[PDB]
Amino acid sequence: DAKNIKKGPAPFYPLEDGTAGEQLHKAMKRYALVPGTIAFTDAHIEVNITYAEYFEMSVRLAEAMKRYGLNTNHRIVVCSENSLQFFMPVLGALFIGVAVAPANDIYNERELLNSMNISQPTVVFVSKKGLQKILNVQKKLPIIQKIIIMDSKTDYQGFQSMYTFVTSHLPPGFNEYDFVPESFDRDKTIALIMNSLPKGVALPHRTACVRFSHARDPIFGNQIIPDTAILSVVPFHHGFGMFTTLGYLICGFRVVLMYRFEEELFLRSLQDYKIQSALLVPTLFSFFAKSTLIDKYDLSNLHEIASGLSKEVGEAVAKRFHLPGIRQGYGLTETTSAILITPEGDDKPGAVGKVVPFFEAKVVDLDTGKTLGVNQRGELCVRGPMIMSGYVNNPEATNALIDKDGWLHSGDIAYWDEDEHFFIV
């Protein structure tokens, strides 16, 4: 009964060929050519980094990693609080088909070990404040040959920074603008290994490329407008943070970051950076339903607040911020990014929105498995090319989640309405 399978429409702009590395390289190269185009802004220290800086350093890291001997048989871990440097090794690795495993930077040694025992990285990039945990983990995982320091210019405590690592490995006369990223099979080559005990979620490059179609979609993403700035407190190592940010880079936006929440810094940043869009994890929505300080800031450039909710809290937050509603999205680590998203300007309080392009969604009767019609409640199941290739070295868990037909069973109860909006119950 195809009428009861909700399908995404055609993408505004058709799905681009190329790896995720190649598409990020191509977009970023263009922005790099316009001086002063801002990529990231650290709200705490107030430092800006431009696309030219970001592009050049990413390309230098890609080439240095290649000369060091990394290739598609290798993985790297990136372990760090949100920062200006976080995406440099992520981009450099995607440029060369090296899989990236973000490790949650508040994981202790035990959680870290389990994460990295699944990802098995050869090189670990880490912030200064994570160095000790990584040193303690390296002891039990000798596969880690090299630790590189992210937020340092010079060597740090006997370890190379990203800058001196690059200098150690670049050929003479290296040209960042002549560099060409690696081409490979984007379905077979893993881009990201995300954590979901925790398991490892393998995401081929293909899932990111589809995300980049959604990201710049005027209905399912953000329209590419100049001088667009986003404020993001979301962890970069979590799919919500990872896949929104990569998409913002494709778009040329200014990504203003915070690595720890504070009420004044956050509202003052919205005001002073004239933020157009803001990202909140769910507990920060409850937080701003309680806030009264919002009223004291000029938030007239704010177009949207995006949520990775209860209909009550979302309604209150929208009102406090003087917005028509909340831009909700629903996704799992296992689906790369959001597979249901509030279509631009067509929000419904309490809905998670509509099926994104390339995807499909249904709800099924709980004890049965039978597909259901409008306004009927059952388990949400989704099918599309952003679904993980699988949990790493764990086929039983993978087969328990995704059926022989490619349907991923979300575990959540939902229903969809006559306009094809989904509601999670």
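What we label the rigid core is the largest C-alpha set whose atoms superpose within 1.5 Å from one form to the other. Numbers follow the displayed sequence, beginning with 1.
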Stretch 156-164 versus stretch 101-109: after rigid core alignment, which one is farther off in C-alpha RMS in 5 other deposited structures of this protein?
101-109
Line up the rigid core: which moves more in 5 other deposited structures of this protein, 351-359 or 283-291, by C-alpha RMS?
283-291
According to the PDB record, deposited residues with no modelled atoms between residue 132 and residue 133 number none
How many residues that are in the deposited sequence but not in the model lie between residue 343 and residue 344: none, 1 to 3, 4 to 9, or 10 or more?
none
With reference to the PDB entry, specify whether the mean Cα temperature factor is higher for 66-74 or for 41-49.
66-74
Once you work out the mean C-alpha B-factor for both 391-399 and 26-34 from the entry, which is higher?
391-399
Out of 235, 221, 282, 247, which one has a C-alpha B factor higher than all the others in the entry?
282
In terms of CA temperature factor as recorded, identify the highest of 322, 211, 274, 354.
322
Taking the chain's C-alpha temperature factors as the reference, tell me which third residue 331 falls into: lowest, middle or highest.
middle
Can you tell me which third, lowest, middle or highest, the CA B-factor of residue 105 falls into for its chain?
middle
Among modelled residues of the same chain, the CA temperature factor third for residue 309
highest
Lowest, middle or highest third: which one holds residue 157 when the chain's residues are ordered by CA B-factor from the entry?
middle
C-alpha B factor of residue 199, ranked within the chain: lowest, middle or highest third?
highest
